[PDB]
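Next up is one chain by itself, shown in structure tokens, the form solved without the named molecule.
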């Protein structure tokens, strides 16, 4: 299970790091790395956090959930080097057994077919520095590894300096030689909100980012997959790139119209970690569709920086905090320019193969019969593009409506490819949904909503406890009321646009809007401006948003007749609202709703003497 570094590929980098840190370079033999080649360590200062901050306005306005642990245990993640290392031991420090011969044959035939179909109406191309210069956020991370690279205070200042692009040229000229001297990953813990356990916040995932020079070189050679929308639903059939979250239910309802079995949406456990060097090499086949200088640069990124990664990660130790130089050949580095696009690719390929195994196209990994190989190639030819349309795929999240239900029990290939399902035994047959409105996708399910007009909407919907929990906490420490009042309204605005159809969220949302100064306009998470005459985001121009998104711009809404009142906008049926976590019918909820003006007036008085508006007469 040990990792075999190629020191002819990653060797010059590890050395350059060493040289810049000679006063501290040691070789800890207490290093915990069981499946990653460890190369050294040196001293460094801890970054990260594990605190969470209370949004007082929302917590005061959501009292019935105080008693609900699925709300109240929500916290920010632990991104300290402790939190990272736990995540590392649990998820990133693992090995996937190389797939069997049959599997590798299935994967290559399917990868090669896929790129030819993705390339029928697109052509790979280099991206431009001007293109990079316009896209990059101005405060995106510099991520400098070497001292030659730590000259700028922002990415904007950097891409407007000749000396930045001189560095980029030095590595660019190496890449065209087949060598790499400077592309090293940084590491951090994903800052997000997770349910805690036993009074401890938990880390979530790893985030790997190279420096801004390297990130351009990625973008130069592979950005075209994103910039030219290769994984659009139009181009790839299976993808859903570019569609927002509210529109995804419409994409699912269509998929459901196909004749087939149940609808399956099995999560893969730690997808990025389970990406194998075979995967990494099937993904590289896109270079077969490239040319000239472009082909060399794309090969350089793939072999020297994706299939040969030098990662630089923090580990707590008794003698302060240290920084390990570790290296892995396989795995997707979360934060590579190709993360979203190439997870969609490989997942498309995976599910297809799983579709094939259910249909009988091949009977066993380890061995692909000369005859069977012909049947696979002819199955893609015959039905492959249709099989792709039976799927909705967003990176590793996927929904597959297969031909029959033998899909559920077709798992030899999926497991051998390393794509182990989460929360189910390796060979436990799969759970499948016969009602598309209950299929999870991009952390939601989707309800068909009949309007008072008779028109139908499809709307996103999740367990309420999940949404209230997240509105009630925030980045930071301690408690806050004024500093996160506009943040509460932001959440309220989201509840009214996406989840207007949950009684509790629309009530809570009008409450938060009523309790927050109406003339305050957010300038950051914790700062704002005050306009003397204008209110911000009134219940009327909230309704303008609801129309603009759900009627005017909704391509599944042929009748563009607006709604004139918030009372026109319907709700889910009570039993469904209840099923999806609503508190109606509980006694705590009734009291909360009756005395809601009393709690609004508390928050008002706690905030101070500002200007307020009642958003509640939208529900009478």
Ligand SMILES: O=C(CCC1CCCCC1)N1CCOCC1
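The term rigid core refers to the most C-alpha atoms you can superpose between the two forms while keeping them within 1.5 Å. Residue numbers count along the first chain shown, from 1.
- Compared with other PDB entries of the same protein, residue 172 is present in all of those that resolve the residues around it, none of them, let alone a third, dropping it.
- Among other compared entries that model residues flanking residue 248, every one gives it coordinates, keeping it clear of the one-third cutoff.
- Stretches 427-435 and 316-324 differ in mean C-alpha B factor, with the higher average recorded for 316-324.
- When the mean C-alpha temperature factors of 503-511 and 193-201 are read from the deposited coordinates, 193-201 comes out higher.
- Residue set 244, 517, 440, 335: peak C-alpha B-factor at 517 (per PDB entry).
- Sorting 279, 372, 466, 349 by the CA temperature factor given in the entry leaves 372 at the top.
- Ranked against the other modelled residues of its chain, the C-alpha B-factor of residue 595 as given in the entry falls in the highest third.
- Residue 178: CA B factor in the highest third of modelled residues in this chain (values from the PDB entry).
- Ranked within its chain, residue 527 lands in the highest third, by CA B factor from the PDB record.
- Residue-level temperature factors show residue 270 in the lowest third of its chain, judged at the C-alpha atom.
- Among the modelled residues of its chain, residue 130 has a C-alpha B-factor that falls in the highest third according to the deposited record.
Not pictured, yet referred to below: the form solved in complex with the named molecule.
- Remark: of stretches 555-563, 25-33, 588-596, 59-67, the one touching the named molecule in the deposited bound form is 588-596 (heavy atom within 4.5 Å).
- Note on contacts: among 233, 503, 100, 281, the single residue with a heavy atom within 4.5 Å of the named molecule in the deposited bound form is 503.
- In the deposited bound form, the named molecule lies within 4.5 angstroms of a heavy atom of only one residue of 547-578, namely 574.
- Following superposition on the rigid core between this form and the one not shown, the residue from 393, 513, 217, 342 with a C-alpha displacement of 2 angstroms or more is 513, and no other.
- Put the two forms on the same core and the Cα of residue 378 is off by less than 2 Å between this form and the one not shown.
- Relative to the superposed core, residue 19 shifts its CA atom by less than 2 Å between this form and the one not shown.
- Residue 332 shows a C-alpha shift below 2 Å between this form and the one not shown [criterion: core-superposed Cα displacement of 2 Å].
- The pair residue 268 and residue 334 separates in the deposited bound form: their C-alpha atoms are at least 3 Å more distant from each other than in the form depicted.
- In the deposited bound form, the Cα atoms of residue 334 and residue 421 sit 3 Å or more farther from each other than they do here.
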